[PDB]
Amino acid sequence: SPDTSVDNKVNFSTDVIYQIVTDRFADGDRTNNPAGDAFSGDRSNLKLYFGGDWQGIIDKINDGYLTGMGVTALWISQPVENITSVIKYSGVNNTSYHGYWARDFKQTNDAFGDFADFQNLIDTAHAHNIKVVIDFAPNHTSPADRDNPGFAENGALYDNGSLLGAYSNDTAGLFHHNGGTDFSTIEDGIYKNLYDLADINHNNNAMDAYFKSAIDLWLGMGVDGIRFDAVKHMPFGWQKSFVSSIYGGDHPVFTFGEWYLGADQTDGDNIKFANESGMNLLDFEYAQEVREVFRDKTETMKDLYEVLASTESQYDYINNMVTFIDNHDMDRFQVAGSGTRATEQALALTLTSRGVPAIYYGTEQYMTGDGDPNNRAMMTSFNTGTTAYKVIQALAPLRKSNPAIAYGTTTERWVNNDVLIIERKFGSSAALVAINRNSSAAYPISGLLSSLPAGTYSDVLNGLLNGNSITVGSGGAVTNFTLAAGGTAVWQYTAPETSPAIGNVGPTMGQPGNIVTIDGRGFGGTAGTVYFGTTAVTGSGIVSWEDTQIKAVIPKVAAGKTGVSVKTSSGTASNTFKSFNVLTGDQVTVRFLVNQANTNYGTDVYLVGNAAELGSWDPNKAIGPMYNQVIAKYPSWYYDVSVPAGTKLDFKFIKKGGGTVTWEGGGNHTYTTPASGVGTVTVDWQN
Ligand SMILES: [Ca+2]
Ligand SMILES: [Ca+2]
Ligand SMILES: [Ca+2]
Ligand SMILES: [Ca+2]
C-alpha cells in the first residue's frame with residue numbers, strides 16, 4: 001500500500017486529524033448514559049457526562065458528516081475505564097467525562113461503549129480510510145488524598161479488574177509520595193503530583209510492565225496513533241524506553257505528546273524532547289502564533305513567518321509536528337462577536353502548512369467558549385454548509401494528493417504585515433498559498449515569483465474566501481494581481497516524480513531489527529537499497545517496496561544519529577533523511593544515582609558512558625544536567641536514562657559549567673543493565 005494508505009500508521013503528514021471530546025460529540029446510544037448526579041440532562045453543569053459515545057462517532061462517519069470534510073484521522077478521548085465516582089470540587093459536582101481519571105487501563109470506559117463498540121469504531125474508521133488516535137495518560141490515575149482514603153476512589157489502579165493498589169495503602173510503591181508540584185521547575189513537575197492526581201512511579205517494574213501490556217492491548221485492536229498526555233511531567237528516559245518498546249513491538253505507530261508552551265515562549269527542553277525522545281510533539285509555538293496573528297491581532301504576518309523559520313531550524317522532524325489552532329485546554333478560536341474569516345484563514349494556513357494538522361471538534365461550526373469547561377460544549381450542529389466545513393473539504397485532501405503539502409519545504413514568497421504568501425515544494429510538485437487578513441483593504445501583488453510552471457491556475461477554494469486565478473509566466477513569474485480584502489487562495493501543481501525522493505521516515509528512532517517506513521515519490525516498483533548511513537540494506541532486509549513507500553529492517557550498525565537514503569534498482573540515489581537515531585538494542589530505564597558530588601553555583605553533574613545512549617564519552621553528548629532535589633537530595637544527584645537492555649555499561653560522571661569541564665577521577669563504574677523493565681544504580685563520586 002502507498003504512503004497515503006490508511007494502513008500507514010507510523011507517518012501522518014498526509015493526514016488531517018479531527019479531535020473529538022467523546023462525551024461532547026454525539027450520543028448514539030442512550031442506554032450507556034451515566035445516571036444520577038453523574039449526568040447533566042439539560043447540559044447546565046459542563047463537568048458532568050453529557051452522553052457522547054463511540055456509537056455516535058460511528059454514526060457520523062457512516063452518514064458522512066466526518067467523511068465529507070476530508071478528515072483522515074480521529075483523535076478521541078482516552079478510551080480506558082475511569083473512576084465512576086462524582087467528586088465535589090468547591091461546591092460543583094465533577095465527573096471523569098474527559099477520560100483522564102483512569103482506574104483500569106485494560107478495560108473500557110462504559111459510558112463511551114464496551115470493547116465491541118470500540119472494535120466497531122476502529123472497523124468503521126479504517127473501512128472509511130480514517131485512522132484512529134487515542135489519548136493516553138500514563139502519568140497518573142485519578143484524584144486521591146493519601147491521608148483521607150474516602151475521597152474519590154483513592155486513585156486506585158486495577159488490572160483487568162484486580163486491584164494492584166491505591167494511593168493510601170501503597171506497599172508496592174506504585175505511586176510517588178512526594179507531595180504536589182508548584183510547577184517551579186521541570187524536575188519538580190515530574191516526580192510530584194499534578195494537583196491531586198496520584199502520580200505513577202514508572203521506576204517500578206510492575207508499573208513499566210503494566211503500561212507496556214496495556215498499550216499493546218489497544219494497539220492490538222488496531223489503534224493507529226497515540227497522543228501522550230502530560231509528557232512534560234514524566235521522565236524523558238522512561239518515555240524514550242516506552243516508545244522504543246512500541247517501535248520494536250508488533251504495532252509501530254505514530255506517537256506525539258503535549259508539552260504546553262505559552263505565547264511567545266520557546267523552551268530548550270521542549271526542543272530536546274521533540275528531537276531526542278523518539279516521540280513527536282503538538283506544535284504549541286505554531287498554535288500560539290497563529291492565534292496571535294488571526295484571532296487576537298497581537299502579531300503580524302511578518303511575526304508569523306519568523307516563527308515558521310525558527311521552528312524549522314530548531315526541530316529535526318518538522319513534518320511530524322502536530323499543528324492546531326485551539327484544543328480542549330485553550331479558549332475556542334471563534335470569539336463571540338468577531339467574524340468567521342479569522343477561523344477560515346487560520347484553517348487554510350494550517351491545512352496547507354508543514355506537519356500534521358489537527359482540528360478541534362466544532363471549529364467548523366464556529367463554536368465559542370472561553371476556558372475549560374466552556375470550550376467543551378456539546379457539538380452545536382452538523383451543518384455541512386458552513387464556509388469553514390467547505391474550506392476543510394477543499395484543502396484537507398490536498399495532503400493526500402500533493403506531496404509538496406505533505407512533505408515539501410516552506411518558502412516565503414511575499415510578506416507584509418497583513419499578507420503572507422508561502423510556497424511548498426517537493427521535487428516537481430508545488431503549492432502557493434496567499435492570505436490577506438486585512439478585512440477592509442485589498443492589496444496589489446506585483447513581481448511575485450513561484451516554482452509553478454507557466455500557465456493559468458485556478459484557486460483550489462474556487463473563490464470561497466474571495467480568492468482569484470493567477471497567470472504564471474516564464475520564470476515562475478506571477479502576473480500582477482489583486483488579493484482581495486480577507487482574501488485567501490491556493491494554487492497548486494503536481495507532477496509524477498522521476499527521481500527518488502524521501503518525504504518522511506517513521507519512526508524516527510529504532511534498534512536493529514525494527515521495521516521502519518520510508519515515504520516519498522519515485523522509488524520504483526522493484527526493490528533497491530536502503531542506506532542507513534554508509535551501510536546497505538538489500539534483499540532480506542527490505543520488507544516491501546513500491547513507488548511511494550518502502551518498509552525495511554534497521555541493520556546492525558553503529559548506534560547514533562545517521563542519515564537514511566535509498567537507491568533504486570536502477571542505481572539512482574535519493575536525498576537523505578537527516579538524524580535517524582539508531583539505538584544499541586531494546587531499551588530499559590535505569591535510574592543512575594551519584595553521591596557526594598558537590599558543585600559551586602552554575603556547575604552541574606552529567607553522565608557519560610560507552611553506549612551511544614550514554615553519549616560515547618563525549619561530554620558534548622553527556623546526559624543531563626542531572627537532578628538533585630526530589631528523588632534524592634544534593635550532594636546526591638539522580639537521572640532516569642533510557643539505556644540498552646542486558647548490557648555492561650562503563651560510565652563516569654562529570655561536572656560542567658561556564659567553560660570548565662571537570663572529570664571524575666579513578667577508574668570507571670560498571671553496571672549490567674536489566675534484560676527488561678527498569679533498574680537503578682547508586683555510585684560514589686570519585687575525586
Ligand atoms: Ca451515550
Ligand atoms: Ca460515507
Ligand atoms: Ca509524573
Ligand atoms: Ca505578543
Side-chain angles (χ1 to χ4, degrees), residues 20-35 38-41 43 48-60 77 95 97 99-100 102 108-114 117-118 121 137-141 144 155 167 174-181 183 185-204 207 211 228-239 242 257-259 261-266 285 287-304 306-307 378-379 417 589 627 630-631 640:
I20 288 170
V21 174
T22 301
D23 185 64
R24 302 297 156 89
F25 190 65
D27 184 358
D29 176 11
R30 280 120 292 159
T31 76
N32 64 26
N33 277 9
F39 192 87
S40 179
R43 318 222 167 126
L48 316 180
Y49 278 92
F50 281 8
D53 51 39
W54 296 328
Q55 187 64 65
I57 304 170
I58 286 165
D59 293 344
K60 286 307 175 174
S77 301
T95 66
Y97 79 95
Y100 287 114
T108 69
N109 184 338
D110 300 341
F112 301 160
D114 56 42
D117 292 325
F118 191 85
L121 171 62
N139 177 78
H140 59 262
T141 40
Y167 204 48
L174 305 187
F175 307 96
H176 288 139
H177 296 273
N178 297 322
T181 182
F183 304 96
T185 71
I186 281 146
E187 165 193 24
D188 205 76
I190 292 168
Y191 298 105
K192 296 190 186 185
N193 294 348
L194 292 173
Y195 312 107
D196 51 1
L197 291 163
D199 206 56
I200 296 275
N201 173 22
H202 305 99
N203 181 237
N204 179 307
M207 289 298 99
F211 286 114
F228 283 82
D229 172 71
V231 296
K232 188 165 179 178
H233 307 284
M234 287 172 294
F236 165 110
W238 181 77
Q239 296 179 270
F242 190 75
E258 69 140 338
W259 185 307
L261 300 173
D264 298 313
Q265 183 189 3
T266 175
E285 285 192 40
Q288 300 277 19
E289 194 66 5
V290 168
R291 285 174 79 85
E292 292 206 71
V293 167
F294 293 104
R295 176 188 196 268
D296 309 327
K297 291 195 237 82
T298 52
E299 305 244 336
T300 82
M301 296 292 201
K302 291 165 175 167
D303 300 317
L304 178 47
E306 272 150 66
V307 170
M378 200 82 201
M379 181 64 157
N417 285 308
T589 313
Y627 297 163
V630 180
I631 293 301
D640 297 339

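Along the sequence shown, residues carry numbers from 1. Whatever order the structure lists them in is the order used to number ligands and atoms, beginning at 1. When reading the values below, keep in mind they use all heavy atoms of this one structure, side chains included, and skip hydrogens, waters and symmetry mates.
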Q) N139 pairs by side chain to side chain donor-acceptor pair (under 3.5 Å) with which of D199, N193, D229? A) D199
Q. Strictly under 3.0 Å, is any N, O or S atom of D303 next to the Ca ion (ligand 4)?
A. no
(Q) From the N, O or S atoms in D27, identify the one nearest to the Ca ion (ligand 1). (A) OD1
Q) For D188 and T181, does a side-chain donor sit closer than 3.5 Å to a side-chain acceptor? A) yes
Q | the Ca ion (ligand 3) to nearest N/O/S of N193 less than 3.0 Å | A | no
Q: Find, among atoms of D53 that are N, O or S, the one nearest to the Ca ion (ligand 1), and state its name.
A: OD2
Q) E299: which N/O/S atom is nearest the Ca ion (ligand 4)? A) OE2
Q: Measure from the Ca ion (ligand 3) to each N, O or S atom of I190 and report whether any distance is below 3.0 Å.
A: yes
Q: Compute the ring centroids of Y97 and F39, then answer whether they are less than 6.0 Å apart.
A: no
Q. N/O/S of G56 less than 3.0 Å from the Ca ion (ligand 1)?
A. no
Q) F175 and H140: aromatic ring centres closer than 6.0 Å? A) no
(Q) Looking only at N, O or S atoms, which one in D264 sits nearest to the Ca ion (ligand 4)? (A) OD2
Q: Find, among atoms of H233 that are N, O or S, the one nearest to the Ca ion (ligand 3), and state its name.
A: O
Q | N32 near the Ca ion (ligand 1): N/O/S under 3.0 Å | A | yes
Q: Check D29 and report its N/O/S atom nearest to the Ca ion (ligand 1), by atom name.
A: O
Q.
Within this structure, what is the CG-OG1 distance for the pair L121 and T22, rounded to the nearest 0.5 Å?
A. 8.5 Å
Q.
To the closest 0.5 Å, what do you measure between OH (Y191) and NE2 (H202)?
A. 10.5 Å
Q | Atom of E292 closest to the Ca ion (ligand 4), considering N, O or S atoms | A | OE1
Solution key, residues 49-56 side-chain donor-acceptor pairs under 3.5 Å, sequence neighbours excluded:
unit_1	atom_1	unit_2	atom_2	d
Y49	OH	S96	O	3.3
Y49	OH	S96	OG	2.8
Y49	OH	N109	ND2	3.3
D53	OD1	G28	N	3.0
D53	OD1	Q55	N	3.3
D53	OD1	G56	N	2.9
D53	OD2	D29	N	3.1
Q55	NE2	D59	OD1	3.2

Q: Please round to the nearest 0.5 Å and tell me the distance separating atom CE of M379 and atom CD1 of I20.
A: 8.5 Å
Q.
Rounded at 0.5 Å granularity, tell me how far CG in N417 sits from CG in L304.
A. 12.0 Å
Q: Examine all N, O or S atoms of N33, backbone included, and report whether one is under 3.0 Å from the Ca ion (ligand 1).
A: yes
